[PDB]
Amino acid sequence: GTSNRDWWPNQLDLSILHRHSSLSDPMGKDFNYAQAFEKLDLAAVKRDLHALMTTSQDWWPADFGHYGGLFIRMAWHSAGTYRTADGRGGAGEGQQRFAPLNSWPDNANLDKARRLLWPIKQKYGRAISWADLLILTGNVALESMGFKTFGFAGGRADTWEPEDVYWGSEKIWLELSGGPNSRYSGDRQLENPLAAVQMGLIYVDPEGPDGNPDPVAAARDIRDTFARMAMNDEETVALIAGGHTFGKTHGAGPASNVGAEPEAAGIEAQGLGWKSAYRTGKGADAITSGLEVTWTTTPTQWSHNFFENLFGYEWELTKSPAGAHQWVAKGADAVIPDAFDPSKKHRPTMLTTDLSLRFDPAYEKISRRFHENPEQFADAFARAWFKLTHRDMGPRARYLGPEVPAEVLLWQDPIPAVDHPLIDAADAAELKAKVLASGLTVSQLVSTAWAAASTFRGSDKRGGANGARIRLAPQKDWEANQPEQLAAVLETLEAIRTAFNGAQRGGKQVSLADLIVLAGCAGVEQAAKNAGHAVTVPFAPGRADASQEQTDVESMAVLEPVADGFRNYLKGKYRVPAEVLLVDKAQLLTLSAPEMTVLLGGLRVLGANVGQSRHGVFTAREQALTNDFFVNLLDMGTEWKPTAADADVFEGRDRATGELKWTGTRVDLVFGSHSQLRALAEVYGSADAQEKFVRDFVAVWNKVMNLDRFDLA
């Protein structure tokens, strides 16, 4: 059936903003997963998981009698899709059960692992999400095998449809670099936002870069991809060596025996894939990656044998039974158990990427320290495993259940506890009045609160106005935040805060984080007043102020807005059209198309643009909250043309006279072009719409102010 995407493959796609509707959600509109999980008997679930580890099913027999390795792999892959660039991927939505991830080649046979878990999921039902269950299972596997984890938080609600993530442009699974859609350029520079070396891999190729078995060059790929997943060298060595303390790879026979991935498989396969024609197709005969490596002498017990082997032997290159490059300790005795035959043993083996931990000079230092001090290895691995499996879960306030680690970690962008009475409605009114009396303008107030709040991204739930990090490095110097204007606003706000706080009785005070948001609320109310309308913008106190020492500056970098259509801002020239970047930002802010449209039209007339740009300011009453953007955008009396100077900037001229009325960007004019967005603009641009526009603007402004407020969830 030919579709709009076929006829117009470069039109803008808004369907990303209407995924996850109530229509696709089987749970009732009032279902609250945190409520369900809070009443789960977690200890009962873990006891069932523990039993499962050693209860083999004949349709996928357990290696060594124990599913622990398979399940740790499952949970690292659930988490391992995460990219810091955009926060997308990760375990927090249980996306491994949907396309495309369920059918990625690096996810082969994890369909089996998930199926092994159905009985448990079925038993506990809506009280444990798949997303939570996949991670919990990885933890219980670790615990069952003698490893003490750092803890576990529940609270990852299930999702019901695939997320729309850019995973690359290749049309071939696992395509080696340098092709027509190469994700590399320059000197092995991987394109943002990607964090894997090939389409359908978690991080790197286990044979080495593009299959070249050089541990030294493979280490470069490891470092780059894991950094793109928010892990440093210490965490990376700990994770890889920790993981490969357990289980085995699977490569018993030629890969050509392996059939269609789940999404491609026949209906009778019932959601499973990679059915194999090689011997029994499973167990002793399993084929997953095509490698055939078992790392330790006790693949079902925590040990320090991975480093004992890595350092204790010299390695030689060999091939698995499928032809994959891997390494063997030829001088070793046969000390490694077979997964199924008690009478067979094997020599130590390693992947190219394991040997990187020894042959890269930076990693060797860390590996040696972990070798000589295995308690240091165990602590580093437990902490990195927690970080891996929680990095996308958002603020600590989202963490549920009895096993949440009390230690606050710098990566969590922590927010101090509030220990004092909060301001009330009367105090809020008093503060708004003080703010407006200080002389700060509607533009200043709206821009500052937008800048503070609109760092939030729902992909990993980082960012937002809680913490007042706008006043800290690096946010206070981001170009988009107008550093000099911001510093003058914050100085004025801080004085108001100090005065209010000093006059109080009995413990009451307000945070700067709250006051920044409250001040923006006052700006919005004043703008409504300027248009002749009395409105109250809602405001919820309780944000706290983080310190600079509670703020990892490097990790904050990925939250910098280099494109922000809501402030008509583009930091540099990009290949992706600016309207595409606007819809991406909307998606990160959790906005629907109508919310995006109302919010942008209101920000334009409130003076939120960076630099005071007149682009899109289609009003003769700036700093008044009206629907002038839409009314003027849609006026057929104005004709638009791109400028000679800049083809992405447009002049609107009176159609009869030729006189210049306005200027705009692609982000502005897409509202007058795209057939869905123009239908939205038309609603807000109608003569009956002034009240609608105001009310919908206040609601979406408040939504944005509260994106990180999981303390009020």
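Residue positions are given as counts along the sequence shown, with the first one as 1.
The mean Cα B-factor in the deposited entry runs higher for 573-581 than for the other of 573-581 and 278-286. Relative to its counterpart among 495-503 and 200-208, 495-503 has the higher mean temperature factor, C-alpha atoms as listed in the PDB entry. The entry lists C-alpha B-factors for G601, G94, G611, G273, and the highest of these is at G611. Note on the listed residues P321, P299, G463, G520: the highest Cα temperature factor in the record is that of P321. Among all modelled residues in this chain, the alpha-carbon of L174 has a temperature factor (C-alpha) in the highest third. In the deposited entry, the Cα temperature factor of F671 sits in the bottom third of values across the chain's modelled residues. Looking at the C-alpha B-factors along this chain, the one for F226 belongs to the lowest third. Ranked by Cα temperature factor within the chain, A255 sits in the highest third according to the deposited record.
Ranked by C-alpha B-factor against the other modelled residues of its chain, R678 falls in the lowest third.
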